[PDB]
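K.L.:
Sharing a structure with you now.
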Amino acid sequence: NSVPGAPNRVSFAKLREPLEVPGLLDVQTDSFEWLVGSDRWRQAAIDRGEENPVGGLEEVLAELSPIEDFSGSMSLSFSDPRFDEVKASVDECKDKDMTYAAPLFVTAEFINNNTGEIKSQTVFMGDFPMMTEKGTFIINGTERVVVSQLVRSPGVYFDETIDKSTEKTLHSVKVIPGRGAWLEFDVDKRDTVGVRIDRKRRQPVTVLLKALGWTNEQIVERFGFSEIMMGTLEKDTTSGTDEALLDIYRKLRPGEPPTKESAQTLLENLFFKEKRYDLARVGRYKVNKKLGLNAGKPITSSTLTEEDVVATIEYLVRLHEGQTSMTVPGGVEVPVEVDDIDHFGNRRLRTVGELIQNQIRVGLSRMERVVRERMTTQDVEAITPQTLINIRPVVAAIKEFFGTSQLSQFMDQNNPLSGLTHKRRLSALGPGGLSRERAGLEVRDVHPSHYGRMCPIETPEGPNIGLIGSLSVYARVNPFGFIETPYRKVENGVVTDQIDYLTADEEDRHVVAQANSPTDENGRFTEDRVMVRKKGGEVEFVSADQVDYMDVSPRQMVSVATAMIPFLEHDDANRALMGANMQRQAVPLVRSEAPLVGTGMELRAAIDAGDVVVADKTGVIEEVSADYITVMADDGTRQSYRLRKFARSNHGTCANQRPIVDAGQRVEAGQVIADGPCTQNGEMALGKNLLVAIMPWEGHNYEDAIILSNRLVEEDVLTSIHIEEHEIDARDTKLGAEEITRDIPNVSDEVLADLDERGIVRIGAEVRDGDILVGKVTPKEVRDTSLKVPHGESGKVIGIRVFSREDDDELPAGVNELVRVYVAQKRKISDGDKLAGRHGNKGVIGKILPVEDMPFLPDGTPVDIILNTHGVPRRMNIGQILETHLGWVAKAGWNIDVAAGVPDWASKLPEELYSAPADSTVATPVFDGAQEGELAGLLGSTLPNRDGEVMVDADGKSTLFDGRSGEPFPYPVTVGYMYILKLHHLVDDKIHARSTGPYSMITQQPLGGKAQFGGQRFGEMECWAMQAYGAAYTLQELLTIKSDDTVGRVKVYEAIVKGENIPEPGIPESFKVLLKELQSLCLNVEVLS
Amino acid sequence: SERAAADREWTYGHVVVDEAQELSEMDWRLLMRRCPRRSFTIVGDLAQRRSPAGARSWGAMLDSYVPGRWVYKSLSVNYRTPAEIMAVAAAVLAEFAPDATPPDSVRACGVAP
């Protein structure tokens, strides 16, 4: 529990959690804090961090400042960023399509060395968007998420490989910075070492060495243990330092006039000058620990060097030659080995703050070029920063990261969990990582460095498998961006209560144990051969004295949407993937109901998401209405929480909050005061418990189809509200004004009855395809281009959102008015709608039956959903059988008869679990939960029904009656309660049909799509299949009269409407243009007959 | 083998050379053009040269490619061939710039030639 209003949910867990679940959007708020340099991050870092904690803005400016000019006379510098309060609030920003931003100011000092004068001012840098406490940004009204990025950390990476032709094992080296050019090295198929300075032509390697001022005596003292490197030396026609720099400036700047000083200033101002080449602290640290450099030193100097460009070659050469051990001349010993590329000690996380840092850097570089352009063209001592500085570029960068990027996404809100997994997401795509050239099959796989850092299961089903993932629940992010997960320190075999947040590099050095490993007396293990992992994920049994660390909990390597799947160790992996990715796309229901059998990770996933409302301060409740709630705290301060009522999510779902408190209620802090769209009493309730019978019926549940009662339609059980948004703009046309009025061109006044004075539709009315919503007249004199209901849509007009220019609030270029109309539709479960459970069990609804012909129990209870037997064992998802059993055990309580002791199947049960009433709620954590002994004998107890009759035996089975015949099915059937989820895949959204309509006028076929009102692709394979039948007229028909022939489809429409024989092309028609143009080429053609 | 023999720019990993005293300087040149890794297992004798080009000196053939790095070892004692035949062929060799370095043969317990 540990939460104030925590509804009790008993747990079968036999292990204790020495570490609570950390925050679940503390990976999107710590980074923004860092960026804006809030005081919270400042303290956190001063505790464990440097004594000069720099932020992300500070750092950018410090790298920018001081802006000196070629004459070193006048200098500009920035410092002290500072944010003033937000102009609006989240709700206001949404109501008005504004943006959630705070003004940013900066102190600019302007020094002149000539006169020693200063012109400091507090200049304005524009409005900066802000990260909402829910881990979001608000942009022109929409909630948006800046998803993290997985990218190759800066540093040196050596990769062996095989030559496509020679099939020869060769080697290589690649040096990649955070900013600047790359530097590669190779050992060729002919044993000649070489370099690829800025990915140009492969010239030799000693060329470089000389360009840095090395004499063959040095090249032969450092090297000389090798004989391919000497042989490379020997074949350098370009002997001579300056000849080498000429070679390089040539390969880089070919032909154009050279110079020696230019040569040194290029070889220097490309790698060694920390403005055109930078290894951020992470690249510097990687290089140092890799090559054996600068052990225990002040990393301050974050740029390349000349000693590392040599130790790199040396490493490479001792690699090609099979040497495992290296020692730089003055460094420390080191292992010689290849560097994996999917490993996460090499992959790193660009969080939102880093992305925005980089785009601000871009904007500032442009503002700096402008500063210079404008600094040496204006009288000195009369130029002030406010004259030198034009902020217009910077904002663009910002306005170009959110408005239009790939890592800034419309928020994925079908439900709280859909948005909470859109924030703990790890995307391997976007500018900076692999975009299209490396979407292969070895990066999309699982790697033993994923344990505790990235979920092996939760990854979408579409094209981004293995690219996009979700962060685990016990994982955080180093300041260097590498992901960390905690472990427990073993000292002699006795598990200490001390925590250590390790990363993959560190983890690979020890033996990490398992959470279920036993303990007897304050930690010591019971066994002798305990099971552990190792460097390469090499699971092994080992003596418990070899152990050095241990996992705090199971469910460490799983995500939120995957720690909410009970009995996961009983379900294979592809169907668990299905279960997660279907638990994301679950539509909220009118009245929500939380699972009887669930997991402990459903309270937090709702608190740590933000659709619930929690108390900021302890106190009592002063007023409770549907919309507002008013609290009087102990300090006397009065709080007021406004609730979202029937608001439209970005996916059509509803976003209605509702209170769960009574006036005069002494709430605590963090206590839930309102429930959201898919929560009940503060825990995720995405579906409903239904009475299920595992059995085949009269063919209507064939091949994963499934059956329903009409109860789920009478009582509005699986009903859901869906809202739609339609907008229309009254923008300029140069022929007058696009006017919104009611005096529409001549039409039935009966259409103009549900329209208010201004020609807009009246709230509360109901609509239907074609029905007018807002009458807009664009001038001609006047035409009719109004907003009418689309095809396959209807509903009640909830409300309206109008935006005029007579207020000058804001509207884009050339607009005078915008009207947004919202329409709502209550959608009931129906034949075709998709339905699922948390275990990958999914299907469509083939039959909806009256309750009088549903298999019922001896007590008269008709089951609510029938699922077939044949899909369970070949799909390997029996977790649903266990769920069914436990659902019964929980809807019907239990009392273990302990009169004669506790049965042997209960010797591991936590007391307080020896009894429970009806409609109870339990918890089976994914890898520490209900077993089969604890669940076999726990099915016998099963408190009787209101009549003393036990309707389910100790095997999980009842005796049903055919509601049609009347006789009992001759064998007992498996009955229970299952948690079932309704999904966004609905049939009112999929049924598409077409006879006629608009075409593409480019290819001159119908359009492709459903909103476009298009047709269906008849492809090549289909033409093959249509030929193998020997059907020629259908093919002709399809390829001429339907898509391309524009003079035939008309003849056809007319023929049909008139009822005459559908004609036939007397002579093929695609032939005539080609006939002309081959005749035009003086090639006689004669259509014969 | 078939990939290599069908190619001339092929860098091998090791090169064994038996009766090495019969290769012209250009032969060694081509070889070292084959093996840059300079891993060689040269075997030979200088007093038993047939070709006139030959080497007459390892330093003449190697110091151009491996100067001061090339190791050299010479077996000293003779056991396989009697010392009678050895004196016969040692006083045969005692002509045409002999500078005779006869390895000392031992264990000759049979009929003289």
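Residues in the structure tokens are named by chain (A, B, ... in the order shown) and by number from 1 within that chain; ligands are numbered from 1 in the order shown.
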Just the residues within 12 Å of stretch 85-98 of chain B, please, counting only C-alpha atoms, with nothing from its chain fewer than 3 positions along; format it as JSON, numbers by chain.

P.N.:
{"B": [46, 47, 48, 56, 77, 78, 79, 80, 81, 82, 101, 102, 103, 104, 105, 106, 107, 108, 110, 111, 112, 113]}

K.L.:
The selected residues should be written to file as an mmCIF file, in the first residue's frame (atoms: N, CA, C and O atoms).

P.N.:
data_model
loop_
_atom_site.group_PDB
_atom_site.id
_atom_site.type_symbol
_atom_site.label_atom_id
_atom_site.label_comp_id
_atom_site.auth_asym_id
_atom_site.auth_seq_id
_atom_site.Cartn_x
_atom_site.Cartn_y
_atom_site.Cartn_z
ATOM 1 N N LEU B 46 74.131 -22.521 -47.952
ATOM 2 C CA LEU B 46 74.842 -21.685 -48.910
ATOM 3 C C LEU B 46 75.890 -22.456 -49.697
ATOM 4 O O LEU B 46 76.146 -22.125 -50.860
ATOM 5 N N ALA B 47 76.498 -23.475 -49.093
ATOM 6 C CA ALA B 47 77.514 -24.260 -49.779
ATOM 7 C C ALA B 47 76.927 -25.209 -50.814
ATOM 8 O O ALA B 47 77.681 -25.745 -51.633
ATOM 9 N N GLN B 48 75.611 -25.420 -50.805
ATOM 10 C CA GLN B 48 74.947 -26.346 -51.713
ATOM 11 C C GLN B 48 74.079 -25.615 -52.730
ATOM 12 O O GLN B 48 73.032 -26.118 -53.142
ATOM 13 N N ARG B 56 74.444 -16.206 -51.670
ATOM 14 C CA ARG B 56 75.805 -16.111 -51.145
ATOM 15 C C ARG B 56 75.840 -15.383 -49.806
ATOM 16 O O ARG B 56 76.900 -15.268 -49.184
ATOM 17 N N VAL B 77 75.855 -29.522 -34.905
ATOM 18 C CA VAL B 77 76.396 -30.871 -34.903
ATOM 19 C C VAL B 77 75.731 -31.691 -36.002
ATOM 20 O O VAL B 77 74.623 -31.399 -36.455
ATOM 21 N N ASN B 78 76.433 -32.734 -36.435
ATOM 22 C CA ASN B 78 75.950 -33.680 -37.429
ATOM 23 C C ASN B 78 75.866 -35.051 -36.777
ATOM 24 O O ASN B 78 76.806 -35.474 -36.096
ATOM 25 N N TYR B 79 74.732 -35.727 -36.951
ATOM 26 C CA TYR B 79 74.558 -37.054 -36.374
ATOM 27 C C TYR B 79 73.999 -38.042 -37.390
ATOM 28 O O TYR B 79 74.232 -39.251 -37.282
ATOM 29 N N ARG B 80 73.266 -37.538 -38.387
ATOM 30 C CA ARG B 80 72.568 -38.428 -39.310
ATOM 31 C C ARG B 80 73.521 -39.106 -40.284
ATOM 32 O O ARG B 80 73.279 -40.250 -40.686
ATOM 33 N N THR B 81 74.601 -38.431 -40.672
ATOM 34 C CA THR B 81 75.509 -38.940 -41.687
ATOM 35 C C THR B 81 76.855 -39.273 -41.062
ATOM 36 O O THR B 81 77.394 -38.448 -40.311
ATOM 37 N N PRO B 82 77.431 -40.456 -41.332
ATOM 38 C CA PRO B 82 78.728 -40.797 -40.729
ATOM 39 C C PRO B 82 79.782 -39.719 -40.929
ATOM 40 O O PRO B 82 79.630 -38.841 -41.784
ATOM 41 N N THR B 101 83.121 -24.909 -43.016
ATOM 42 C CA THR B 101 82.472 -25.017 -41.713
ATOM 43 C C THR B 101 81.846 -26.404 -41.607
ATOM 44 O O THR B 101 80.620 -26.554 -41.696
ATOM 45 N N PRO B 102 82.659 -27.441 -41.424
ATOM 46 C CA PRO B 102 82.121 -28.800 -41.343
ATOM 47 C C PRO B 102 81.459 -29.049 -40.001
ATOM 48 O O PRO B 102 82.099 -28.898 -38.949
ATOM 49 N N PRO B 103 80.180 -29.429 -39.983
ATOM 50 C CA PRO B 103 79.567 -29.849 -38.716
ATOM 51 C C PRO B 103 80.121 -31.198 -38.279
ATOM 52 O O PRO B 103 80.258 -32.121 -39.086
ATOM 53 N N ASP B 104 80.440 -31.304 -36.992
ATOM 54 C CA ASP B 104 81.153 -32.466 -36.469
ATOM 55 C C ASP B 104 80.229 -33.676 -36.435
ATOM 56 O O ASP B 104 79.319 -33.752 -35.603
ATOM 57 N N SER B 105 80.460 -34.625 -37.338
ATOM 58 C CA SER B 105 79.696 -35.862 -37.354
ATOM 59 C C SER B 105 80.228 -36.837 -36.311
ATOM 60 O O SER B 105 81.421 -36.856 -35.996
ATOM 61 N N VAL B 106 79.323 -37.658 -35.773
ATOM 62 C CA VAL B 106 79.657 -38.640 -34.750
ATOM 63 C C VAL B 106 78.867 -39.916 -35.013
ATOM 64 O O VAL B 106 77.954 -39.954 -35.839
ATOM 65 N N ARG B 107 79.235 -40.972 -34.287
ATOM 66 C CA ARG B 107 78.516 -42.245 -34.303
ATOM 67 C C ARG B 107 78.508 -42.860 -35.705
ATOM 68 O O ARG B 107 77.463 -43.061 -36.326
ATOM 69 N N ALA B 108 79.711 -43.150 -36.195
ATOM 70 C CA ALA B 108 79.918 -43.859 -37.456
ATOM 71 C C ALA B 108 80.513 -45.222 -37.119
ATOM 72 O O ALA B 108 81.700 -45.328 -36.797
ATOM 73 N N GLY B 110 80.297 -48.338 -39.039
ATOM 74 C CA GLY B 110 80.140 -49.260 -40.149
ATOM 75 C C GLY B 110 81.340 -49.332 -41.070
ATOM 76 O O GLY B 110 82.450 -48.945 -40.691
ATOM 77 N N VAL B 111 81.126 -49.826 -42.286
ATOM 78 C CA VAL B 111 82.207 -49.998 -43.250
ATOM 79 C C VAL B 111 82.428 -48.684 -43.984
ATOM 80 O O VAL B 111 81.471 -48.034 -44.423
ATOM 81 N N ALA B 112 83.691 -48.288 -44.119
ATOM 82 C CA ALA B 112 84.012 -47.057 -44.811
ATOM 83 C C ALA B 112 83.649 -47.174 -46.289
ATOM 84 O O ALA B 112 83.598 -48.276 -46.841
ATOM 85 N N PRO B 113 83.397 -46.049 -46.957
ATOM 86 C CA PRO B 113 82.958 -46.105 -48.356
ATOM 87 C C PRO B 113 83.978 -46.801 -49.243
ATOM 88 O O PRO B 113 85.098 -47.123 -48.840
#

K.L.:
Write down as an NGL selection string the residues belonging to stretch 966-1039 of chain A that are assigned strand (DSSP E) by DSSP computed on the backbone.

P.N.:
:A and (973-982)

K.L.:
With a cut-off of 8 Å and counting only C-alpha atoms, select all residues of chain A in contact with chain B and give the selection as an mmCIF file with C-alpha atoms, in the first residue's frame.

P.N.:
data_model
loop_
_atom_site.group_PDB
_atom_site.id
_atom_site.type_symbol
_atom_site.label_atom_id
_atom_site.label_comp_id
_atom_site.auth_asym_id
_atom_site.auth_seq_id
_atom_site.Cartn_x
_atom_site.Cartn_y
_atom_site.Cartn_z
ATOM 1 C CA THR A 166 38.762 -12.233 -50.031
ATOM 2 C CA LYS A 189 43.006 -6.748 -47.144
ATOM 3 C CA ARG A 190 46.663 -6.264 -48.173
ATOM 4 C CA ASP A 191 48.093 -5.672 -44.669
ATOM 5 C CA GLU A 227 56.010 -5.111 -39.535
ATOM 6 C CA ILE A 228 52.913 -4.077 -41.495
ATOM 7 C CA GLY A 231 55.931 -1.615 -44.475
#

K.L.:
If you count only C-alpha atoms, which residues fall within 6 Å of stretch 54-70 of chain A, apart from same-chain ones fewer than 2 positions away, as number ranges by chain?

P.N.:
A: 34-35, 37, 72, 75-78

K.L.:
Give the alpha helix (DSSP H) residues of chain B, as assigned by DSSP on the backbone, as a VMD selection string.

P.N.:
chain B and resid 2 to 5 25 to 34 58 to 62 83 to 92

K.L.:
Quick one: of A:483, A:125, A:102, A:457, who's nearest to residue A:572, counting only C-alpha atoms?

P.N.:
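The closest residue to residue A:572 is A:457.
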
K.L.:
Skipping near chain neighbours, those fewer than 5 positions away, what residues fall within 10 Å of residue B:26 using only C-alpha atoms, listed as a VMD selection string?

P.N.:
chain B and resid 31 to 32 61

K.L.:
With N, CA, C and O atoms retained, write the just-selected residues as a PDB file, in the first residue's frame.

P.N.:
ATOM      1  N   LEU B  31      58.188 -12.306 -53.198  1.00  0.00           N
ATOM      2  CA  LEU B  31      57.718 -12.916 -51.960  1.00  0.00           C
ATOM      3  C   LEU B  31      57.338 -11.853 -50.939  1.00  0.00           C
ATOM      4  O   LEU B  31      56.197 -11.798 -50.472  1.00  0.00           O
ATOM      5  N   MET B  32      58.290 -10.993 -50.581  1.00  0.00           N
ATOM      6  CA  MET B  32      58.005  -9.942 -49.615  1.00  0.00           C
ATOM      7  C   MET B  32      56.905  -9.009 -50.093  1.00  0.00           C
ATOM      8  O   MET B  32      56.288  -8.322 -49.273  1.00  0.00           O
ATOM      9  N   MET B  61      69.952 -10.484 -49.163  1.00  0.00           N
ATOM     10  CA  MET B  61      68.579 -10.680 -49.599  1.00  0.00           C
ATOM     11  C   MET B  61      67.565 -10.100 -48.628  1.00  0.00           C
ATOM     12  O   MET B  61      66.438  -9.789 -49.031  1.00  0.00           O
TER      13      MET B  61
END

K.L.:
Can you pull out every residue within 8 Å of stretch 410-421 of chain A, counting only C-alpha atoms, but drop anything in the same chain fewer than 5 positions away, and send it as JSON, numbers by chain?

P.N.:
{"A": [24, 25, 142, 143, 144, 145, 470, 560, 561, 584, 585, 586, 587, 588, 605, 606, 609, 610, 611, 649, 650, 651, 652, 653, 677, 678, 686]}

K.L.:
Can those selected residues be exported to a file as a PDB file, in the first residue's frame so that it contains N, CA and C atoms?

P.N.:
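Wrote again07.pdb, looks like this:
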ATOM      1  N   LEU A  24       7.871   7.305 -12.230  1.00  0.00           N
ATOM      2  CA  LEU A  24       7.709   6.702 -13.542  1.00  0.00           C
ATOM      3  C   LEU A  24       7.644   7.733 -14.656  1.00  0.00           C
ATOM      4  N   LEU A  25       7.772   9.014 -14.333  1.00  0.00           N
ATOM      5  CA  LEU A  25       8.125  10.035 -15.306  1.00  0.00           C
ATOM      6  C   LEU A  25       9.179  10.958 -14.717  1.00  0.00           C
ATOM      7  N   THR A 142      -1.929  21.331 -28.102  1.00  0.00           N
ATOM      8  CA  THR A 142      -1.813  19.885 -28.015  1.00  0.00           C
ATOM      9  C   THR A 142      -0.743  19.479 -27.015  1.00  0.00           C
ATOM     10  N   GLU A 143      -1.051  18.460 -26.217  1.00  0.00           N
ATOM     11  CA  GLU A 143      -0.020  17.809 -25.426  1.00  0.00           C
ATOM     12  C   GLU A 143       0.910  17.042 -26.350  1.00  0.00           C
ATOM     13  N   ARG A 144       2.205  17.174 -26.105  1.00  0.00           N
ATOM     14  CA  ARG A 144       3.227  16.567 -26.932  1.00  0.00           C
ATOM     15  C   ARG A 144       4.301  15.989 -26.032  1.00  0.00           C
ATOM     16  N   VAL A 145       4.930  14.928 -26.517  1.00  0.00           N
ATOM     17  CA  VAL A 145       5.950  14.205 -25.777  1.00  0.00           C
ATOM     18  C   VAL A 145       7.240  14.263 -26.573  1.00  0.00           C
ATOM     19  N   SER A 470      10.613   0.407 -24.409  1.00  0.00           N
ATOM     20  CA  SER A 470      10.143   1.096 -23.218  1.00  0.00           C
ATOM     21  C   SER A 470      11.106   0.837 -22.074  1.00  0.00           C
ATOM     22  N   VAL A 560       6.032  -1.088 -17.409  1.00  0.00           N
ATOM     23  CA  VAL A 560       4.744  -0.897 -16.753  1.00  0.00           C
ATOM     24  C   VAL A 560       3.686  -1.777 -17.405  1.00  0.00           C
ATOM     25  N   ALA A 561       3.504  -1.627 -18.719  1.00  0.00           N
ATOM     26  CA  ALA A 561       2.501  -2.395 -19.442  1.00  0.00           C
ATOM     27  C   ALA A 561       2.785  -3.890 -19.459  1.00  0.00           C
ATOM     28  N   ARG A 584      -2.277  -1.156 -24.338  1.00  0.00           N
ATOM     29  CA  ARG A 584      -2.103   0.257 -24.660  1.00  0.00           C
ATOM     30  C   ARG A 584      -3.322   0.813 -25.384  1.00  0.00           C
ATOM     31  N   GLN A 585      -3.804   0.099 -26.395  1.00  0.00           N
ATOM     32  CA  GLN A 585      -4.877   0.585 -27.260  1.00  0.00           C
ATOM     33  C   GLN A 585      -6.236   0.075 -26.790  1.00  0.00           C
ATOM     34  N   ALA A 586      -6.565   0.410 -25.548  1.00  0.00           N
ATOM     35  CA  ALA A 586      -7.834   0.057 -24.933  1.00  0.00           C
ATOM     36  C   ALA A 586      -8.647   1.320 -24.701  1.00  0.00           C
ATOM     37  N   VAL A 587      -9.884   1.325 -25.183  1.00  0.00           N
ATOM     38  CA  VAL A 587     -10.705   2.530 -25.154  1.00  0.00           C
ATOM     39  C   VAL A 587     -11.372   2.643 -23.788  1.00  0.00           C
ATOM     40  N   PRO A 588     -11.389   3.824 -23.175  1.00  0.00           N
ATOM     41  CA  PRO A 588     -12.075   3.973 -21.894  1.00  0.00           C
ATOM     42  C   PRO A 588     -13.567   3.738 -22.005  1.00  0.00           C
ATOM     43  N   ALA A 605       0.900   3.060 -11.581  1.00  0.00           N
ATOM     44  CA  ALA A 605       0.760   3.397 -12.992  1.00  0.00           C
ATOM     45  C   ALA A 605      -0.340   4.417 -13.242  1.00  0.00           C
ATOM     46  N   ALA A 606      -1.237   4.618 -12.281  1.00  0.00           N
ATOM     47  CA  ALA A 606      -2.279   5.628 -12.377  1.00  0.00           C
ATOM     48  C   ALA A 606      -1.929   6.897 -11.618  1.00  0.00           C
ATOM     49  N   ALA A 609       0.987   8.679 -13.563  1.00  0.00           N
ATOM     50  CA  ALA A 609       0.648   9.054 -14.927  1.00  0.00           C
ATOM     51  C   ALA A 609       0.033  10.440 -14.997  1.00  0.00           C
ATOM     52  N   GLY A 610      -0.980  10.707 -14.180  1.00  0.00           N
ATOM     53  CA  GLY A 610      -1.484  12.053 -13.984  1.00  0.00           C
ATOM     54  C   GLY A 610      -2.951  12.255 -14.296  1.00  0.00           C
ATOM     55  N   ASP A 611      -3.690  11.236 -14.733  1.00  0.00           N
ATOM     56  CA  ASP A 611      -5.109  11.431 -15.000  1.00  0.00           C
ATOM     57  C   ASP A 611      -5.939  11.368 -13.727  1.00  0.00           C
ATOM     58  N   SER A 649      -9.602  13.494 -26.063  1.00  0.00           N
ATOM     59  CA  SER A 649      -8.201  13.151 -26.180  1.00  0.00           C
ATOM     60  C   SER A 649      -7.757  13.273 -27.632  1.00  0.00           C
ATOM     61  N   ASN A 650      -6.459  13.098 -27.849  1.00  0.00           N
ATOM     62  CA  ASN A 650      -5.919  13.201 -29.195  1.00  0.00           C
ATOM     63  C   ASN A 650      -6.253  11.997 -30.061  1.00  0.00           C
ATOM     64  N   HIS A 651      -7.025  11.034 -29.546  1.00  0.00           N
ATOM     65  CA  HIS A 651      -7.352   9.817 -30.281  1.00  0.00           C
ATOM     66  C   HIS A 651      -8.853   9.558 -30.312  1.00  0.00           C
ATOM     67  N   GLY A 652      -9.667  10.546 -29.945  1.00  0.00           N
ATOM     68  CA  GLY A 652     -11.105  10.419 -29.968  1.00  0.00           C
ATOM     69  C   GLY A 652     -11.724   9.951 -28.670  1.00  0.00           C
ATOM     70  N   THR A 653     -10.949   9.311 -27.803  1.00  0.00           N
ATOM     71  CA  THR A 653     -11.463   8.832 -26.534  1.00  0.00           C
ATOM     72  C   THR A 653     -11.981   9.991 -25.687  1.00  0.00           C
ATOM     73  N   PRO A 677     -10.285   8.468 -16.650  1.00  0.00           N
ATOM     74  CA  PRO A 677     -11.072   7.701 -17.625  1.00  0.00           C
ATOM     75  C   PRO A 677     -11.016   6.198 -17.421  1.00  0.00           C
ATOM     76  N   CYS A 678      -9.877   5.656 -16.998  1.00  0.00           N
ATOM     77  CA  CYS A 678      -9.699   4.217 -16.830  1.00  0.00           C
ATOM     78  C   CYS A 678      -9.081   3.901 -15.478  1.00  0.00           C
ATOM     79  N   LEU A 686      -8.730  -0.831 -17.137  1.00  0.00           N
ATOM     80  CA  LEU A 686      -8.862  -0.695 -18.579  1.00  0.00           C
ATOM     81  C   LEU A 686      -9.954  -1.573 -19.166  1.00  0.00           C
TER      82      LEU A 686
END

K.L.:
Can you tell me which residues surround residue A:758 at a distance of at most 10 Å, considering only C-alpha atoms, apart from same-chain residues fewer than 3 positions away, and format the answer as a PyMOL selection string?

P.N.:
chain A and resi 740-743+755+761+774-776

K.L.:
Keeping C-alpha atoms, export the residues of the selection given above as a tab-separated table (two decimals), in the first residue's frame.

P.N.:
chain	number	residue	atom	x	y	z
A	740	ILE	CA	-20.04	32.38	-41.85
A	741	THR	CA	-23.78	32.99	-41.97
A	742	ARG	CA	-27.19	31.32	-41.99
A	743	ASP	CA	-28.51	32.82	-45.27
A	755	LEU	CA	-28.39	26.24	-36.67
A	761	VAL	CA	-25.04	24.32	-35.15
A	774	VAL	CA	-21.60	25.52	-39.72
A	775	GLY	CA	-22.67	27.56	-42.73
A	776	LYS	CA	-19.63	29.08	-44.42

K.L.:
Extract, using only C-alpha atoms, all DNA, RNA and protein residues at most 9 Å from residue A:820, discarding same-chain residues fewer than 6 positions from it, and format them as a ChimeraX atom specification.

P.N.:
/A:725-728,799-803

K.L.:
Could you please take those selected residues and save C-alpha atoms as a PDB file, in the first residue's frame?

P.N.:
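out_36.pdb was written with the following content:
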ATOM      1  CA  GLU A 725     -13.545  17.349 -33.755  1.00  0.00           C
ATOM      2  CA  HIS A 726     -14.372  19.186 -36.982  1.00  0.00           C
ATOM      3  CA  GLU A 727     -12.883  22.576 -37.839  1.00  0.00           C
ATOM      4  CA  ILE A 728     -13.579  25.182 -40.510  1.00  0.00           C
ATOM      5  CA  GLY A 799     -20.022  22.076 -27.488  1.00  0.00           C
ATOM      6  CA  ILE A 800     -18.277  24.593 -29.690  1.00  0.00           C
ATOM      7  CA  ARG A 801     -14.965  26.458 -29.738  1.00  0.00           C
ATOM      8  CA  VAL A 802     -14.890  29.628 -31.835  1.00  0.00           C
ATOM      9  CA  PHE A 803     -11.866  31.833 -32.495  1.00  0.00           C
TER      10      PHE A 803
END

K.L.:
What is the distance between atom CA of residue A:53 and atom CA of residue A:358, in Å to one decimal?

P.N.:
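Value for the atom CA of residue A:53-atom CA of residue A:358 distance: 19.1 Å.
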